[PDB]
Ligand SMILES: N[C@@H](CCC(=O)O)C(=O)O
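To begin, one chain is listed below as structure tokens, in the form solved without the ligand.
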């Protein structure tokens, strides 16, 4: 027996040679993209033979073997329906329907704080999916860049814990939700911020990352991190939104001084510089596609699913998912934890970073916010999603009424 040849006959159809396009559409049907970094060696040798013998273009059994040799094990699971979502083609059409149901909920008002988010038009709406296995799909405005804003708070919290450990980080910031009556308080009762997802907590967390180095190298350190989470897809930076966040963070300056007075930063902290670093981190840009890979990195125990390098310790992604659960959506986190039951983080540019643990990561983006600060279309999508699939943290995997389970076949 030989794994490359058994997969040959699977696609061969009892026939004698396989056209390459028939192989290519067979592959994309799995949800894989031909640009997948785990597939480069296979694709590089297909493009080569598609030069060496323009003659063709059909593959013997032993040239198919020459190309899939390198990435055979990943290819077999794709064609033997072993990915976490086996029928990826039907799942994506569900996403498409869920997308179009959100697309009609046209309320909310775009963030007006700076001329840079006000710049964004309300009809932009994109969702993109990345599974824990690398299967992708997008629909809508998924290649438009936008800033993470408070979508970055879980990403840097993971880095802090990854680099420093739970006990250190949570010596400086709590691990509970405020309570719907304390969106106004900076500190909890032990004089630490309530959790990493609130502005005072995010700021203290920023104060821990890569201490003793200057603000340029801290920034590069975090972005090399954010690149690994996204498999080197688009991670950018808008100086435009940074400058205006610099002139309008009166409240953040209020928090900054309060924290200095109550000695909540590590010793030797330059608080006014830390705020600048914090302002920068909120102006990091992503698209819906690149961020969906980040979310899937958290969904995948810290391994970036399209590259397979370990980016975060399991201790960091577990901690981050727990605090996204309960403190991820501003005042909506209680209701969101109840009705949707997914770790998510929302941001004021209209982004909602969504994680379905052990399944997939997502990014939804629509600039118009509701009155609690969350993307209107995004929130509508996430209710529609859990109402359709048994992804709620406390759905049952065995008995789930008329919910669909995409992890199953028939």
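Numbering follows the first chain given and starts at 1.
Chemist: On mean C-alpha B-factor from the PDB entry, just flag whether 71 to 79 or 238 to 246 is the higher one.
Modeler: 71 to 79 has the higher mean C-alpha B-factor.
Chemist: Can you tell me which stretch has the higher mean Cα B-factor, 215 to 223 or 107 to 115?
Modeler: The deposited B-factors put 107 to 115 ahead on the C-alpha mean.
Chemist: Between 52, 358, 35, 374, where does the Cα B-factor run highest in the record?
Modeler: Top of the list by C-alpha B-factor: 52.
Chemist: Going by the CA temperature factor in the entry, name the top one among 333, 121, 135, 128.
Modeler: Of the candidates given, the C-alpha B-factor peaks at 121.
Chemist: Relative to the other modelled residues of the same chain, rank the CA B-factor of residue 46 and answer lowest, middle or highest third.
Modeler: Middle third - that is where residue 46 ends up once the chain's C-alpha B-factors are sorted.
Chemist: Quick check on the deposited entry: does the C-alpha B-factor of residue 141 sit in the lowest, middle or highest third of its chain?
Modeler: According to the entry, residue 141 has a C-alpha B-factor in the chain's middle third.
Chemist: Once the chain's modelled residues are ordered by C-alpha B factor and cut into thirds, is residue 392 in the lowest, middle or highest one?
Modeler: For residue 392, whose C-alpha B-factor we compare with every modelled residue in the chain, the answer is the lowest third.
Chemist: With respect to C-alpha B-factor, does residue 345 fall in the lowest, middle or highest third of the chain as deposited?
Modeler: Middle third, going by the recorded CA B-factors of the chain.
Chemist: If you rank the chain by CA B-factor, which third does residue 100 end up in: lowest, middle or highest?
Modeler: For residue 100, the deposited C-alpha B-factor lands in the highest third.
Form solved in complex with the ligand: not shown, discussed below.
Chemist: So if I measure heavy atom distances to the ligand in the deposited bound form, which of the stretches 275 to 283, 209 to 217, 84 to 92, 300 to 308 falls within 4.5 Å?
Modeler: Heavy-atom contact with the partner occurs in 275 to 283.
Chemist: Residue-level contact is defined here as any heavy atom of the residue lying within 4.5 Å of the ligand in the deposited bound form; does residue 347 satisfy this criterion?
Modeler: So residue 347 counts as contacting the ligand.
Chemist: I'd like to know if residue 199 sits close to the ligand in the deposited bound form, meaning any non-hydrogen atom pair within 4.5 angstroms.
Modeler: Contact with the ligand, yes.
Chemist: Answer for residue 162 alone: is it within 4.5 Å of the ligand in the deposited bound form, judged on heavy atom distances?
Modeler: No, no contact at 4.5 Å.
Chemist: Is there a heavy atom of residue 245 no more than 4.5 Å from a heavy atom of the ligand in the deposited bound form?
Modeler: Answer yes; at least one heavy atom of residue 245 falls within 4.5 Å of the ligand in the deposited bound form.
Chemist: Please tell me whether the candidate spot formed by 113, 150 and 330 is one where all three residues come within 4.5 Å of the ligand in the deposited bound form (heavy atoms).
Modeler: Checked in the deposited bound form: all three residues contact the ligand.
Chemist: If the cut-off is 4.5 angstroms on heavy atoms, which of these, 252, 313, 269, 139, is the one near the ligand in the deposited bound form?
Modeler: Among 252, 313, 269, 139, a heavy atom within 4.5 Å of the ligand in the deposited bound form occurs only for 252.
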